[PDB]
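# Observations on chain architecture
Here is what each chain is made of, one letter per residue.
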Amino acid sequence: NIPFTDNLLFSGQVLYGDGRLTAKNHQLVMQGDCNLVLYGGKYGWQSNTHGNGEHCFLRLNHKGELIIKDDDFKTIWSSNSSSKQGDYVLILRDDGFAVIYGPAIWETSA
Amino acid sequence: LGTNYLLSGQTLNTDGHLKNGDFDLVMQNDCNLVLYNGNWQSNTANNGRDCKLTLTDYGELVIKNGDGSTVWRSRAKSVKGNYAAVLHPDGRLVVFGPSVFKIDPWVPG
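Below: a short report on this structure.

### Let's talk about the packing of aromatic side chains
- One pass over the full model with this rule turns up seven aromatic pairs over all chains.
- When the ring of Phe-10 of chain A is compared with that of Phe-96 of chain B, the centres are 6.1 Å apart and the planes differ by 45°; the resulting orientation is tilted. Taken together, the residues span two chains, with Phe-10 of chain A in strand 1 (residues 8–10) and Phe-96 of chain B in strand 11 (residues 92–96). With respect to class, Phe-10 of chain A is no different from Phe-96 of chain B; both count as buried.
- When the centroid spacing of 5.7 Å and the interplanar angle of 80° are considered together, the rings of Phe-57 of chain A and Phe-73 of chain A count as edge-to-face. Taken together, the residues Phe-57 of chain A in strand 7 (residues 57–60) and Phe-73 of chain A in the loop between strand 8 (66–69) and strand 9 (75–78) connect sequence positions 16 residues apart.
- Here a set of aromatic residues connected by ring pairs shows up, and it is made of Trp-45 and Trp-77 of chain A together with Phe-101 of chain B.

As structure tokens, this is what we get:
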């Protein structure tokens, strides 16, 4: 498993059961009620999936698609973003936006 | 600037840091960009004064001196867009991009 960083979610990492990203006063929470909520910015944001499934988790894949799956791997929500096979990162930015960047195009070490 | 990232359009100023755990990326006053404990450096020591790190709209990392002259470039480029140089917790600086999705909690509509 990849070590956790408070404001990042790399491809393959999972959030569930009120696990979250934090940056300044902003939070991105994969709540226990199957709702993904951004507490921050001016108005916040939500996936609007309260009660849509049980024991849901959030996972960013290696094509830039961010998905909420329930305990039986039924899709509850998707970012519907899809790109090159590679490594991606979801950043809860200091300015409140949550953005998926990828694929990786340059690295210091292989 | 993020504590552990640099977005295209932002600047990592002279003697500035990006840090993730024991891994410390420093844009030094001797114009060398070093990733402490990550076994990497731009190898541009004494090549300029008041040097800064930037990230182009094509995802290229660039070191420029106080006069604005280029000292080093990552050479790897992609399409015009928004990029992010992130200090990974396993000790590598990685450029990701372009952005493929955004959650906007600011727009009222």
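There is more to say, and it comes next.
### Topic: unusual backbone geometry
- Following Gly-102 of chain A, the chain continues into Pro-103 of chain A via a peptide bond in cis, with omega recorded as 0°.
- Here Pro-103 of chain A shows up in the loop between strand 11 (98–101) and strand 12 (104–107).
- With an omega of 0°, the peptide bond between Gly-97 of chain B and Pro-98 of chain B qualifies as cis.
- Considering the arrangement of structural elements, one finds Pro-98 of chain B in the loop between strand 11 and strand 12 (99–103).

### What to know about the state of the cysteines
- One pass over the full model with this rule turns up two disulfides over all chains.
- Covalent S-S linkage joins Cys-34 of chain A and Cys-56 of chain A, the inter-sulfur distance amounting to 2.0 Å. On the sign convention where negative is left-handed, the bridge of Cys-34 of chain A and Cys-56 of chain A, at about -90° about the S-S bond, is left-handed. You can see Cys-34 of chain A sitting in the loop between strand 4 (26–30) and strand 5 (36–39) and its partner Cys-56 of chain A sitting in the loop between strand 6 (45–46) and strand 7, a full 22 residues away along the chain.
- Sulfur-sulfur distance for the disulfide between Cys-31 of chain B and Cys-51 of chain B comes to 2.0 Å. Its S-S torsion of about -100° marks the bond between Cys-31 of chain B and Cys-51 of chain B as left-handed, since a negative value means left-handed. With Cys-31 of chain B in the loop between strand 4 (23–27) and strand 5 (33–36) and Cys-51 of chain B in the loop between strand 6 (40–41) and strand 7 (52–55), this pair connects stretches of sequence that are 20 residues apart. The same class applies to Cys-31 of chain B as to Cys-51 of chain B, namely buried.

### Focus: the side chain of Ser-47 of chain A
Residues and elements named next belong to chain A.
- Relative to the helices and strands, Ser-47 resides in the loop between strand 6 and strand 7.
- Judged by relative accessible area, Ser-47 falls into the buried class, the value being 10%.
- If sequence neighbours within four positions are ignored, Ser-47 has contacts with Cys-34, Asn-35, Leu-36, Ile-68 and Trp-77.

What counts, and at which threshold
- Residues numbered from 1 in each chain as written, not as in the entry; some residues may be left out.
- Chains lettered and ligands numbered in written order.
- Heavy atoms only, no water.
- Residues with missing side-chain atoms left out of burial classes, pairs and counts.
- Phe/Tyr/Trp six-rings, centres within 6.5 Å; stacked < 30°, edge-to-face > 60°.
- Helix = DSSP H or I, 4+ residues; strand = E, 2+ residues; numbered from the N terminus.
- Buried < 20%, exposed > 50% of the residue type's maximum accessible area, 1.4 Å probe, protein only.
- Disulfide = S-S within 2.5 Å.
- Contact = heavy atoms within 4.5 Å.

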